[PDB]
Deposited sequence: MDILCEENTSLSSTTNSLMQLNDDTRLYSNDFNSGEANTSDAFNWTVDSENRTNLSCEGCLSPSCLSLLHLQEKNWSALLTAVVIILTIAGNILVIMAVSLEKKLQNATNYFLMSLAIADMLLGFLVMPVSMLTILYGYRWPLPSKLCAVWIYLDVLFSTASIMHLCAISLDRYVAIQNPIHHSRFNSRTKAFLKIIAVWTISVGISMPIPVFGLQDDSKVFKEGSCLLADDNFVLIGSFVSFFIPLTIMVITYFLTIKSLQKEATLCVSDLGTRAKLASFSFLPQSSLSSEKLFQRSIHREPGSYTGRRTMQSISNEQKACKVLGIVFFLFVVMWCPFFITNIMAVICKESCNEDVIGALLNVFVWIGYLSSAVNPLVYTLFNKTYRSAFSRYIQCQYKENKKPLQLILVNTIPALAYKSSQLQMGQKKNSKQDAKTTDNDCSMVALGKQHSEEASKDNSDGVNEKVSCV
């Protein structure tokens, strides 16, 4: 079951890589931010998920060297954060595009896309900047009874608040403002509302339980909490596996590209 998620991740990300890099009609500023998101989930699907499957297969005892535990957790907080701020920036851009379309089109450029990519990756690197320089030289953030689990309450609580919950409330405000703003064109607006709702509720359903139970594991019968964490982390990874699909399949050109490249 676990091996299915890794394969789905690599395939669904390589498909959008090939669809944006080898299709003239889809070379746009928005498709390049989607390209960056796909790159983030692509790296997450190879540098993290195989190692997580290895940990599940072996158990808590980890055959890889203890020195390597610090950087493998650093990649999780790097790539998963990067994807989360990618989604947050996409929602903000959609709100600017739907609420004020003339001005968005006036300000739309490739420079804005590069600025967005630089900003989200800078923020992701900054949030995960404590862990390697505080974890390689000690056991504070890297180890807890031979589990290779992030065991720093100062960073688990504070880190999640900036990495997930600030983006989460930004996304909820953005969704409520957009759906309050889209109220032949009427059917298009209804389909846009449908897509926005589906995407937002997928992201919330798939990432919210992990961080809630992670906070509860620190504030708070922890044996069941450990297993729930161990399942919801994989749910979170499956979200990054899915995200390239739902953000692109609705577009006709992307759907045709996936139909053709799969042949």
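- Gaps in the model relative to the deposited sequence occur at 1-79, 263-312, 350-353, 397-471, listed in sequence order.
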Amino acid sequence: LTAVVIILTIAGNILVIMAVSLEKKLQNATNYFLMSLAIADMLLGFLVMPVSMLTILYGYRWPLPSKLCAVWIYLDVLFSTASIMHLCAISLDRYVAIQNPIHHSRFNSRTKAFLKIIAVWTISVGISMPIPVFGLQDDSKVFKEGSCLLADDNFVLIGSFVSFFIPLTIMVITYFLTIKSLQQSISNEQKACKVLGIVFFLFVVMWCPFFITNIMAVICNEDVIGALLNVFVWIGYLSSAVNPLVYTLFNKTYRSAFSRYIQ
From here on, numbers count along this sequence of modelled residues.
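Throughout, rigid core stands for the largest set of C-alpha atoms superposing within 1.5 Å between the two forms.
- After a core fit, the C-alpha atoms in 6 other deposited structures of this protein lie farther on average from the shown form in one of 197-205 and 52-60, namely 52-60.
- Core superposition of the other structures onto this form places the C-alphas of 142-150 farther off in 6 other deposited structures of this protein than those of the other stretch among 73-81 and 142-150.
- Judged by the one-third criterion across other entries of this protein, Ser185, though modelled here, is missing from at least a third of those that model both its neighbours.
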